[PDB]
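In what follows, a structure is listed as structure tokens, so that the remarks can point back to it.
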Amino acid sequence: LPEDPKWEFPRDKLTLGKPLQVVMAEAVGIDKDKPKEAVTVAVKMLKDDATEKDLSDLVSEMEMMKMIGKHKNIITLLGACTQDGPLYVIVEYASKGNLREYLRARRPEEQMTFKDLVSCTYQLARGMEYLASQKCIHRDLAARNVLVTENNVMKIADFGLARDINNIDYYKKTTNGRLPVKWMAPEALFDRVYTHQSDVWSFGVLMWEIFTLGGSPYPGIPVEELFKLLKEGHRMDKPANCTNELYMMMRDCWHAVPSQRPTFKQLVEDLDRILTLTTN
Amino acid sequence: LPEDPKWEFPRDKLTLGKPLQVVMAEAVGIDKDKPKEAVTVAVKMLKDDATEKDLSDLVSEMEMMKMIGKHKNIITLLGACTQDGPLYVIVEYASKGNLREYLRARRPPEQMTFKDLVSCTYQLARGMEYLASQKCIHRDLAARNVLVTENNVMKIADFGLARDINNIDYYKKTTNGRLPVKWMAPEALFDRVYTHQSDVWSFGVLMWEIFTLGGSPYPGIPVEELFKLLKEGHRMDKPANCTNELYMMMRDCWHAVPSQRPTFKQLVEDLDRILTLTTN
Ligand SMILES: Nc1ncnc2c1ncn2[C@@H]1O[C@H](COP(=O)(O)OP(=O)(O)CP(=O)(O)O)[C@@H](O)[C@H]1O
Ligand SMILES: Nc1ncnc2c1ncn2[C@@H]1O[C@H](COP(=O)(O)OP(=O)(O)CP(=O)(O)O)[C@@H](O)[C@H]1O
Ligand SMILES: [Mg+2]
Ligand SMILES: [Mg+2]
Ligand SMILES: [Mg+2]
Ligand SMILES: [Mg+2]
């Protein structure tokens, strides 16, 4: 595995901790301006029974994070141990766990206000807008893949399936075979393609998970019959305690025709518009 | 999915239970001779966040089990619900759980005798011998994939990666990419092939797991560093309280040259001798 001095971190300065596969850890001087300060981080590494694909996925994940760059709503890559030893991808520790658990925790913890839910959505849109601008497709957008920091900042995570928009085996039968079906854009399966508009479809599902406070999509419908239903025009109903406007946004994301779905840019504008009104 | 009468089972006769993905369940009349008799079984079905590949694997697993036929040391297929609903693959319920959990729970403070261990290995060899005569390659042999019945009968399970000997794409970079590295034969990755002798290498690691009472293979050695070490002749050490003879058997399974490894038949005959001589 190539040596990338820019991101390399000393193994001796990293102390593995409890489980969060991902484990918590203490990294000394991970923050270069504080050479002697120990920081609590999260480390992703291979499981003892890992496969070859698990290895290339982890490497790919690391590289995608390097390419993407830093952003307020994207879990931060801090460093990596790639030489003489097991691969460790060191990222920022999110003390509140993943979004899905966070939301169910405060179901009617401190309950979520309508505005909170909107802010949450807004923050995620911003991250995907930036992500999309960096020519990256996530492919695994879901509440379970969103982390929430101590200050309740939303952070898109788990880049285990992310790709560069240009690195996709267009039309091959084996493409997009590992994406959770219920968060998947129809074209991703039927035509074996994946564009930024495919990610917005998933964003739609994510919006539904958020406003239902971590609910499970297409409740009662097995993945086996989901695609026949999606093909017939079936869409999830509006979450209670959710605005008609917001649900319309969700539906927009789920337009059968990819190019008829809004862009992340347009989504951010509309959400910001709504957020400003709700907080005024 | 195509209708397959001989194997179909009525959904209204099955009552799903707790988790064991797999769950326990009661199947009324699954035993044709006992039409009103309810039987405790196991059911494998897709998770709510399953991928397309998960579905093809479940289907593949089911078909492999139909083709293999019944055998004493192989988890037996009982039936399946493949129509108008989520796919359920019904298999016999093994009350003692998987072999790995089984051995660990019986470590020195119901301990395992040396004969029990040899007996376990022998049974598994017989199962693999049969499988090979059916032109089947399991590809995922390991203690976590062996189930033990109420009468301590060993049963090879989880045919989620199994293939007909001819259904392997030799030389392709994508072949064998989903096999746990620590139980995988070098030719599997290096040459991108898979034969019964590749399963023998796996059986060897399984032997080590058994004699270490559920221990983890290559302890302290990361997966990304294993193959380099194997090429250099590294091999796990003899498990404590393991005879040099059984250890030599393990070592023979780990020969770098596939044809220098014993065949499952040779393993069965040797284990039969050792087991018999221990008994007397
Ligand atoms: N930086 C971090 N801070 C806090 N918790 C984290 C974390 N990274 C991961 N986790 C926890 O671990 C869970 C799994 O993380 P992640 O989604 O990256 O897993 P993974 O890629 O290893 C497996 P899978 O693809 O099946 O989810 C998260 O949902 C969260 O609970
Ligand atoms: N017939 C059965 N009776 C009892 N327990 C069973 C069982 N089938 C499965 N289990 C339990 O469930 C565990 C996982 O089963 P299995 O190996 O089939 O997993 P899986 O294919 O769903 C996922 P993976 O490939 O990650 O293991 C077993 O190790 C065992 O503890
Ligand atoms: Mg995840
Ligand atoms: Mg992942
Ligand atoms: Mg298994
Ligand atoms: Mg499996």
Side-chain angles (χ1 to χ4, degrees), chain A residues 17-25 27 39-47 49-51 53-55 57-62 64-65 74-78 87-105 138-150 153-162 178-180 183 214, chain B residues 20-22 42 44-47 49-51 53-62 64-65 75 89 91 94 97-101 138-147 155-162 178-180 183 206:
Chain A
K18 67 173 186 180
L20 283 173
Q21 276 200 286
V22 193
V23 301
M24 195 181 285
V39 187
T40 293
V41 300
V43 182
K44 203 170 206 175
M45 58 184 86
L46 294 179
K47 294 169 63 67
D49 58 359
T51 67
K53 191 63 176 180
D54 291 343
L55 177 56
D57 279 349
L58 188 52
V59 172
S60 175
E61 189 173 332
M62 168 189 278
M64 288 296 323
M65 297 186 83
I74 291 181
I75 200 58
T76 313
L77 171 65
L78 302 178
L87 174 53
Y88 296 156
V89 181
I90 312 172
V91 304
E92 147 184 40
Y93 174 64
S95 58
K96 295 283 180 62
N98 67 67
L99 186 52
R100 185 189 175 77
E101 259 58 282
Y102 176 85
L103 288 183
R104 300 175 78 91
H138 190 288
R139 304 167 93 213
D140 195 19
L141 214 55
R144 56 173 213 270
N145 282 167
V146 169
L147 296 172
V148 48
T149 68
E150 176 67 15
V153 177
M154 304 309 287
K155 291 178 180 292
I156 301 171
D158 193 352
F159 288 73
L161 291 169
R178 297 190 298 159
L179 311 179
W183 282 264
Chain B
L20 290 176
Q21 278 189 306
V22 200
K44 179 170 282 193
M45 66 186 93
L46 299 181
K47 289 169 61 56
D49 61 2
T51 68
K53 193 66 185 175
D54 291 332
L55 179 61
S56 57
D57 287 334
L58 189 49
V59 174
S60 167
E61 199 176 327
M62 174 193 279
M64 273 302 318
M65 300 188 87
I75 248 297
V89 186
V91 307
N98 68 67
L99 182 59
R100 188 193 169 91
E101 302 177 0
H138 188 284
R139 305 165 85 213
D140 193 18
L141 197 53
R144 53 170 209 279
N145 280 166
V146 172
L147 293 177
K155 295 193 180 292
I156 296 167
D158 189 6
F159 289 77
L161 291 163
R178 292 165 68 220
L179 308 183
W183 284 260
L206 171 72

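Indexing begins at 1, ligand by ligand and atom by atom, following the structure's order. The figures that follow rest on heavy atoms only: side chains count, while hydrogens, waters and symmetry mates do not. Every chain is numbered from 1, with letters handed out A, B, ... down the list of sequences.
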(request) List the atom of A/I75, the atom of A/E92, and the distance in Å for their closest heavy-atom pair. (result) CD1-O, 3.3 Å

(request) Compile the protein residues with any heavy atom at a distance under 4.0 Å from an atom of ligand 1; present them by chain, then by number. (result) A/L20, A/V22, A/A42, A/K44, A/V91, A/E92, A/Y93, A/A94, A/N98, A/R144, A/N145, A/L147, A/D158

(message) Measuring only between side-chain heavy atoms, which start at C-beta, is A/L77 closer than 4.5 Å to A/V91?
(response) yes

(message) Show the nearest heavy-atom pair for residues A/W183 and A/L141, with the distance to one decimal.
(response) CD1-O, 3.3 Å

(request) Give every protein N, O or S atom lying under 2.8 Å from the Mg ion (ligand 5), naming each by residue and atom. (result) B/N145 ND2, B/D158 OD2

(message) Taking the side chain as everything from C-beta on, heavy atoms only, tell me whether A/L147 gets closer than 4.5 Å to A/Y93.
(response) no

(message) Looking at A/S95 and A/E150, would you say the former's side chain and the latter's main chain have a donor-acceptor pair under 3.5 Å?
(response) yes

(message) Just to verify, what does B/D54 make a side-chain hydrogen bond (donor to acceptor under 3.5 Å, both in side chains) with, not counting sequence neighbours?
(response) B/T51

(message) Could you work out, with side-chain hydrogen bond (donor to acceptor under 3.5 Å, both in side chains) as the rule, every residue matching B/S56, not counting sequence neighbours?
(response) none

(message) Could you tell me if the side chain of B/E61 sits less than 4.5 Å from the side chain of B/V89, heavy atoms only?
(response) no

(message) Salt bridge or not between A/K44 and A/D158? Use side-chain N to carboxylate O under 4.0 Å.
(response) yes

